[PDB]
K.L.:
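Dropping the structure in here first, questions after.
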2 protein chains.
Amino acid sequence: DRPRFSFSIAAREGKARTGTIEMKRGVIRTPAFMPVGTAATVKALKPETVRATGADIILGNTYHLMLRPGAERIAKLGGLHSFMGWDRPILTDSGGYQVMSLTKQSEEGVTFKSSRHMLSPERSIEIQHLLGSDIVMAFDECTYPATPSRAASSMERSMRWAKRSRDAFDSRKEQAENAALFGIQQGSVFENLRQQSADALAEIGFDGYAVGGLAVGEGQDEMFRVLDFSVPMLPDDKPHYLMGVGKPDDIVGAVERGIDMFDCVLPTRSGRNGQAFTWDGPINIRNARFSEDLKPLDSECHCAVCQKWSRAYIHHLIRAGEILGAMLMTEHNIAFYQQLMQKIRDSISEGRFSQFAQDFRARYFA
Amino acid sequence: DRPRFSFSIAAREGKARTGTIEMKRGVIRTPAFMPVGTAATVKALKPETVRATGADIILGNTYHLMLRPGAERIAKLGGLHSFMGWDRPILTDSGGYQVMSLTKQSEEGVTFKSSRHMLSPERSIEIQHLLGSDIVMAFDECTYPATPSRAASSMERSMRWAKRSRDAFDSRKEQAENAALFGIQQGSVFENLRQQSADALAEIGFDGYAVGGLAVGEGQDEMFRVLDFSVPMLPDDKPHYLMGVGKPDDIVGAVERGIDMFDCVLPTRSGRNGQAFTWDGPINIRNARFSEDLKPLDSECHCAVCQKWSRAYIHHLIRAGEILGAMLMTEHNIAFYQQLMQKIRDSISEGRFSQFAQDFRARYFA
Ligand SMILES: CNc1nc2cc3c(cc2[nH]1)N=C(N)NC3
Ligand SMILES: CNc1nc2cc3c(cc2[nH]1)N=C(N)NC3
Ligand SMILES: [Zn+2]
Ligand SMILES: [Zn+2]
């Protein structure tokens, strides 16, 4: 058999780590990038295509699926894995962030209109149980910028909700035996609050630790500044998950600061919009300069799109609003992200990650 | 090597025929259904997926590609096959119909606004040469309903244009050696005009013969009535192509009347709109009755979609406007159409096509 959750670090370089998380439904190579599958689909990609790009795990959302099609309904249809045809690990967010960004707070939970609903640690854990997710996120309260006093109250409530999330998860035998639970560090940009948050979470004990409250419009310099002191407070021997990050350069700098796990909509969303990621930086394939360009999107990429189709053809499809345009751009961008994570993992294992990061930034921002 | 164009009839039943067209880029099993690839894509499908459904040949359009991206541009990029990544036969329409349905006529040609352009037999043949299409359609003038006198003038002009199409095609050595040319019968619903048209075309001589002027809002009874006398006027030993047809029942009845080749947008367009074809008739997958239906779209279909995904999941994707919804619905519907053509071909070969048509209509309209 396979283990419920086992994280092993095979190599380090500075604060960077590379290794594996073994779970019942598969192995997750870290640092890992999770394609986002908001509405039980990674947009414009079959699951086999997601897997073909190298993805080991995808992200689903408690918030969208509890509304459409409904958590009980998904459970009746056999669970999210069966429903969408992805048989590998799935991490589900708790709904705390999407409840905010997409409405009455209290100590019990949140009530909101999407058309009237309530979420709580207990209800959030139960929804993720019904979905059958492999990595369950604790339910948290999100707020930026915010005063030291506001961020402290909001961090404190999240810590009380983390303990309730822990207890609700542990009360469900099948969930506790087959899934893993991650806590979410809060505290905004304030070091002392981040430390109190880390301590709270470590005293409860989780399988992994997310850094929340970033990637909310703070700029990379500030984000790195917070990661600089925040990540070392977390348990070293557990995975570190930076929620909602991000651009390729953000990912590289976050790995240099000890992050193991990432998710964001940028490769999928900006793909459909005409932005393709390349080692030479992003390009807008709608630009007229690509109309007769026979080169593939990226001259080194190994993905199926770059083996078969020219920039000129993809230029034409996107300008025409053709669905195949969105498919090919999305496949290429997800492949790019996975190739980036692969190169990150190999360079750490080989002890040349610093040189990789230097070489990557020189070429990408040339 | 392979032949330029060789049609062989392997079996007959009544007026129905089954066989093969061998061309340089591949073999076309007949009766054949051509998925429509308007803007150099079969909407929402990779070419490998089109081929996986059973398609031997696809249809492209002189009218759309001469505007976007341009015929000379496609030729500079290596031809339509290379551009879109389909290496098998492509039939291109001449632009006559789309010029009408999507503006000054004369004996020389048509001038029109899409933004100002002109088409003629000579220009149409040259565009299809630049595209590299394998089956070239003659350029014709289209008009319904229309008086006997109007249809006769319009049929007469089309016949003069067919001879100019023939001469332009024959003047281009590489085209005449590697591609095939089809004439288009006109004459509206009038038997005498259809006969004069057939005679005109047969005196010129073509590799195949299309029936034009149908599938323009005439109803199936009238269409069958026209096919009843029209198809027998065409050369028996050449393929018979019914342009723009059609619904599954239309196809079956047209094969019973001697048609070998078909194209229409219905499987692709109505796929994206939520209509799925099944042996039990079409279904609208958006309907609430499918929200918890774990069966595949069709319980006999062998396509990849019906092997992996439930009606409930596809219901959810289409209701959410997800691209994967359009992909799966389109793949299934194109697979359905190809499975229909396969069952037609096998039943004719086995001499039980009449029984197939009976059994098909009983179940499909139950
Ligand atoms: C796109 N930015 C982003 N920042 C996040 C931060 C969090 C999150 C998701 C995020 N996405 N999920 C939570 N449950 N809480 C913290
Ligand atoms: C959808 N109906 C339809 N009827 C057609 C009839 C013709 C055609 C395309 C059609 N499509 N192309 C031509 N060049 N002429 C006759
Ligand atoms: Zn690529
Ligand atoms: Zn199917």
Side-chain angles (χ1 to χ4, degrees), chain A residues 36 59 61-63 91-97 100-101 119 124 137-142 144 158 161 165 182-186 210-218 223 241-246 262-266, chain B residues 36 53 59 61-63 91-97 100-101 119 124 137-142 144 158 161 165 182-186 210-218 223 241-246 263-266 276-279 296-298 300-307 309 311 314 328-329 331-336 338-339:
Chain A
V36 177
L59 184 147
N61 281 290
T62 291
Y63 184 79
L91 180 152
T92 46
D93 202 353
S94 55
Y97 182 81
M100 176 191 73
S101 58
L119 275 176
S124 170
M137 298 306 297
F139 189 74
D140 59 337
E141 189 174 75
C142 313
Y144 169 86
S158 285
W161 285 0
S165 292
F182 279 32
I184 303 173
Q185 192 202 36
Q186 293 293 2
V211 180
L214 293 169
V216 295
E218 73 265 4
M223 173 167 87
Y241 168 24
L242 181 56
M243 308 186 77
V245 174
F262 295 94
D263 78 276
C264 72
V265 295
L266 185 67
Chain B
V36 177
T53 68
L59 184 147
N61 281 290
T62 291
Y63 184 79
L91 180 152
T92 46
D93 202 353
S94 55
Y97 182 81
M100 176 191 73
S101 58
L119 275 176
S124 170
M137 298 306 297
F139 189 74
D140 59 337
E141 189 174 75
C142 313
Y144 169 86
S158 285
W161 285 0
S165 292
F182 279 32
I184 303 173
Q185 192 202 36
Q186 293 293 2
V211 180
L214 293 169
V216 295
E218 73 265 4
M223 173 167 87
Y241 168 24
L242 181 56
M243 308 186 77
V245 174
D263 78 276
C264 72
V265 295
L266 185 67
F277 294 92
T278 84
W279 305 106
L297 287 169
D298 181 293
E300 306 173 359
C301 181
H302 295 301
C303 91
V305 181
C306 293
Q307 304 326 122
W309 289 284
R311 290 162 166 193
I314 296 163
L328 301 179
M329 286 290 288
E331 179 172 2
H332 165 79
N333 281 345
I334 291 289
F336 176 87
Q338 296 299 328
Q339 285 173 100

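Every chain is numbered from 1 and lettered A, B, ... according to where its sequence line falls, protein lines coming before strand lines. Below, all heavy atoms of this structure are taken into account, side chains as well, without hydrogens, waters or symmetry copies. Just so you know, ligand 1 is whichever comes first in the structure, and atom 1 is the first atom listed for that ligand.
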K.L.:
Working to the nearest 0.5 Å, report the span between OG1 of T278(B) and CD of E300(B).
P.N.:
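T278(B) OG1 to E300(B) CD: 9.0 Å, rounded to 0.5 Å.
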K.L.:
Decide whether an N or O pair under 3.5 Å exists between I184(A) and ligand 1.
P.N.:
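Checking ligand 1 against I184(A), no N or O pair falls under 3.5 Å apart.
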K.L.:
For a quick test of reading the model, state the closest non-hydrogen atom pair linking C142(B) to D140(B) and the distance between them.
P.N.:
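Distance-wise, the nearest heavy atoms are SG-OD2, 3.8 Å.
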K.L.:
Report the residues that fulfil ring pair (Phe, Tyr, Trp, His ring centres under 6.0 Å) with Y241(A), sequence neighbours left out, ordered by chain and then residue number.
P.N.:
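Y241(A) satisfies ring pair (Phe, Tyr, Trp, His ring centres under 6.0 Å) with no other residue.
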K.L.:
Please round to the nearest 0.5 Å and tell me the distance separating atom CG of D93(B) and atom OH of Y63(B).
P.N.:
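Going from CG on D93(B) over to OH on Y63(B), the span is 12.5 Å.
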K.L.:
Does an N or O anywhere in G96(B) fall below 3.5 Å from an N or O of ligand 2?
P.N.:
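N/O-N/O distance under 3.5 Å: no.
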K.L.:
Among the N, O or S atoms that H332(B) has, which is closest to the Zn ion (ligand 4)?
P.N.:
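The nearest such atom is ND1.
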K.L.:
Can an N or O of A138(B) be found at a distance shorter than 3.5 Å from an N or O of ligand 2?
P.N.:
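The answer is no, given that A138(B) and ligand 2 share no N or O pair closer than 3.5 Å.
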K.L.:
Backbone, side chain, both or neither: what part of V265(B) comes under 4.0 angstrom of ligand 2, heavy atoms only?
P.N.:
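None of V265(B) does.
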K.L.:
Tell me which part of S94(A) gets within contact of ligand 1: side chain, backbone, both or neither, using heavy atoms under 4.0 Å.
P.N.:
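Only the side chain of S94(A) comes within reach of ligand 1.
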K.L.:
Holding to side-chain hydrogen bond (donor to acceptor under 3.5 Å, both in side chains), I want the full list of residues that pass it with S124(A), two or more places apart in sequence or in another chain.
P.N.:
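If we apply the side-chain hydrogen bond (donor to acceptor under 3.5 Å, both in side chains) test to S124(A), skipping adjacent residues, the hits are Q128(A).
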K.L.:
Provide the number and element of each atom of ligand 1 under 4.0 Å from a heavy atom of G244(A).
P.N.:
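Counting atoms of ligand 1 from 1, those under 4.0 Å from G244(A) are 1 (C), 2 (N), 3 (C), 11 (N).
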K.L.:
As an exercise, identify every atom of ligand 1 less than 4.0 angstrom from a heavy atom of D140(A).
P.N.:
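It comes down to these atoms of ligand 1: 13 (C), 14 (N), 15 (N), 16 (C).
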K.L.:
Out of curiosity, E331(B) CD to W309(B) CH2, how far, rounded to the nearest 0.5 Å?
P.N.:
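It comes to 7.5 Å.
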K.L.:
Pull out every atom of ligand 1 sitting under 4.0 Å from any heavy atom of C142(A), numbered as shown with elements.
P.N.:
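Listed by number with element: 15 (N).
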K.L.:
Which option, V211(A), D93(A), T62(A), owns the non-hydrogen atom nearest atom 13 (C) of ligand 1?
P.N.:
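It is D93(A) that holds the nearest heavy atom.
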K.L.:
Please give me the minimum heavy-atom distance between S165(B) and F139(B), naming the atom from each residue.
P.N.:
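The answer is OG-N, 3.1 Å.
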K.L.:
Quick check on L214(B) - does any of its heavy atoms sit under 4.0 Å from an atom of ligand 2?
P.N.:
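Flag set, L214(B) near ligand 2.
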K.L.:
Restricting to N/O/S atoms, is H302(B) within less than 2.8 Å of the Zn ion (ligand 4) or not?
P.N.:
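Coordinating: no.
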K.L.:
Please round to the nearest 0.5 Å and tell me the distance separating atom CE of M137(B) and atom OH of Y97(B).
P.N.:
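With rounding to 0.5 Å, CE (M137(B)) is 14.0 Å from OH (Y97(B)).
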K.L.:
For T62(A), is there any backbone N or O sitting under 3.5 Å from a side-chain donor or acceptor partner on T92(A)?
P.N.:
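Absent.
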K.L.:
Can you give me the SG-the Zn ion (ligand 4)-SG angle for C303(B) and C306(B), to 10°?
P.N.:
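SG of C303(B), the Zn ion (ligand 4) and SG of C306(B) span an angle of about 120°.
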